[PDB]
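Quick setup: one chain, the form deposited in one PDB entry, written in structure tokens, and binding and motion questions come after.
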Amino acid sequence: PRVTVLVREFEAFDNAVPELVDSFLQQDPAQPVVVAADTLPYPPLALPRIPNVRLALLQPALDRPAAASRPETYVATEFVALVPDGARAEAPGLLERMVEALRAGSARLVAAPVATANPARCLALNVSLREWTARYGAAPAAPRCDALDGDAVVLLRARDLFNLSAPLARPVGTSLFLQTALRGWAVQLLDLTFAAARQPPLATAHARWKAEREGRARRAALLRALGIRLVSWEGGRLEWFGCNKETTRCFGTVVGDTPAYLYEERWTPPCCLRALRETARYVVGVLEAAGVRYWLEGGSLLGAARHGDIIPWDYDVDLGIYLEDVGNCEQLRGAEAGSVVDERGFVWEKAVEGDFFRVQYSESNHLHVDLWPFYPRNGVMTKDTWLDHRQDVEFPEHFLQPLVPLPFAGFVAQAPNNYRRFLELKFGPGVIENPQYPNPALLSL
């Protein structure tokens, strides 16, 4: 015996795990079987009390050694077969068939759908940790996959499963293939099918609703724990798991111009980018309706010139405006006498710090558009207040007459004319073609 059946995805209140376990022992009484749980499942499972059937409780406990919560402790065979609840062994010799498939193939995982209502389908999957995004889609090399959707027995070497960081994190159907796809591993969907339980679990609308609410709750906690802020299907059907109008932003107070996600070797969370685009769009719309001359500035102008979007590691949006136009905007003139929360939840405020305005996504989510007011004195756009940035600099007004439409972050914003020049004056030649982080620093990148 070289395969250990391991059952992780089931619900204590309604399962067919005893039928599952029995079905395998009917084919081999010596079959190693591990049912894994965080706490002792209740009502009792009453699995057969034989040495090859073991219940693995994986949460830490005051009375148990460190090994007791490590799943590899309970597996002494070369391969592990992850079996979902609802499956049943009916035809004999099917785990051996799966081993021979995995031996002969080039994929580190092999899988056989279970004949449930939701049998496994083959999926493509890329994990971008820099972008906190998991991108799913149809599998162009089926039956060679990056991930599975639905019910399948998945077999792989124990050494591969248990060297992952979160081998049994729930839902397995999500956490396993996120880890295996990131490592460039593939799973081969075999033309073998496991039968379904004769008494399938969760066979009522109410039990299914309970299971799905808990399943979705575990998935949401799993993606947040692992830094997946966004799930997409074919670039759409977007599923968010980050910040929003009602939460704080994902990273909070930046020190040394280097936000926390850079030290995590990632870029700006996509929920944060989404909020910045929406605030930029809203603020631009407000200034255009009020008759405020604005133009993309600093990193926003640079990002618009390079790829027409926010630079993917940047953390705010900066606009220049004519200072004499400020009185035209109600939120702005309100923001010079104190903090203003407008009809749509955006907070307009004048950070007395550097003599500029700041518009935050909401009272709790402090992703902001900074507005830098400019006034001409002897033909140059210049303010008697600056900060320690190379690109906080005076510039001749002719860059602003006329202004130019430039795509930026989903809409068309205004830019200085000859913006390519303009950007080279402020950042240096070749800046559009040579990306950079905001402050190297005594470390990496």
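Start at 1 and count along the sequence shown; that's the residue number. So that the term is clear: the rigid core is the largest set of C-alpha atoms that superpose within 1.5 Å between two forms.
This next part talks about the form deposited in another entry, which is not shown.
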_Shift of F10 between the shown form and the other one at or above 2 Å (CA, core fit)_ = no
*Does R70 count as moved between the shown form and the other one, where moved means a C-alpha shift of 2 angstroms or more after fitting the rigid core?*
no
*Does superposing the core leave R420 with a CA shift of 2 Å or more between the shown form and the other one?*
yes
